[PDB]
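In: this is the structure alone, sequence omitted:
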């Protein structure tokens, strides 16, 4: 089963999920932030409402503003998440204009409408791997938004800090790949392979571990001998 640090996350999420308070998830790529956001939704009373997601980094300023708040129609992500949960990833990339508008939605529960407003009821979950307090000091993140956004913070441990989970998950992914390519048995990892796995920093965390292990099993391609060559870098 999962490491103590990850179990402590799951326990935190079970307590946070029922609240209608905004949650901030801090974690590297491939640590499962969106999955945690989804768990907060499905363990909440809003579980039958919508779960909407948006990656702030993916859009330029003008498109981000329209995608989040709408452009009268083109309903934005807040309107689409009404009665449910909205997950905003890579929050630190949101331009200052969007951050100010986000604060207003959090505190007033309304979207502005020029002329011709919308009240919305959305539980907000955001994610980042930036140091938001540091960006506040730099002027690149709003202090007021951070004061209202981070009711509580869920910090996902990177794989490198869950060394116990690395061989567990590696074996899991290896077995699944053996099924996919019809090997009769996963023949295990050599000690050399284990050193490679446990010494590497996994900057891509769980996604990268899966990719690495699946490639390695395929390249090895046999059940007759233990897997010795962990192919971290497919470019070599």
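Out: Now that the structure is in, tell me what you want to look at. Residues are numbered from 1 along each chain as shown.
In: ok, the spatially closest residue to residue 203 that is not a sequence neighbour to residue 217 distance?
Out: When the adjacent residues along the chain are set aside, residue 203 lies closest to residue 28, with 7.2 Å between them (Cβ to Cβ, 6 or more residues apart in numbering). In this view, the C-beta of every residue, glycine as well, is placed from N, C-alpha and C. Using Cβ to Cβ, to the nearest Å, one obtains 24 Å as the distance from residue 28 to residue 217.
In: compare these two and say which one has the larger neighbour count.
Out: The residue with more neighbours, out of residue 28 and residue 217 and counting by other Cβ atoms under 10 Å, is residue 217; that gives 24 against 17.
In: contacts only, for the residue nearest to residue 203.
Out: Residue 28 makes contact with 129, 156, 158, 203, 205, according to Cβ atoms under 8 Å, 6 or more residues apart in numbering.
In: if any of those residues are buried, give me the PyMOL selection for them.
Out: Command for PyMOL that selects the buried part of the contacts of residue 28, burial taken from 16 or more other Cβ atoms under 10 Å:
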select buried, resi 129+156+158+205
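In: which residues of the protein fall in strands?
Out: 23-26, 51-55, 85-89, 110-111, 118-119, 123-128, 152-155 (DSSP state E).
In: what helices or strands is the fifth one leaning on?
Out: What it means is strand 118-119. Applying 3 or more Cβ pairs under 8 Å, 6 or more residues apart in numbering; DSSP states H and E, we find strand 118-119 packed against strand 110-111.
In: and the longest helix for the chain?
Out: The helix that spans the most residues within the chain, counting by DSSP state H, is helix 163-180.
In: for it, list every residue counted as buried.
Out: Within helix 163-180, the residues that qualify as buried by neighbour count (16+ other Cβ under 10 Å) are 165, 166, 169, 170, 173, 174, 177, 178.
In: which residues touch stretch 127-134?
Out: 24-29, 33-34, 37, 87-92, 141, 146, 150.
In: again but with stretch 172-189, I slipped
Out: Residues external to stretch 172-189 that are found in contact with it (Cβ under 8 Å, 6+ apart): 167, 170-171, 197, 209-210, 213-214, 216-218, 221-228, 230.
In: hang on, the earlier thing: list buried residues within the contacts of stretch 127-134.
Out: In the contacts of stretch 127-134, burial by neighbour count holds for 24-28, 33-34, 37, 87-92, 141, 146, counting by 16+ other Cβ under 10 Å.
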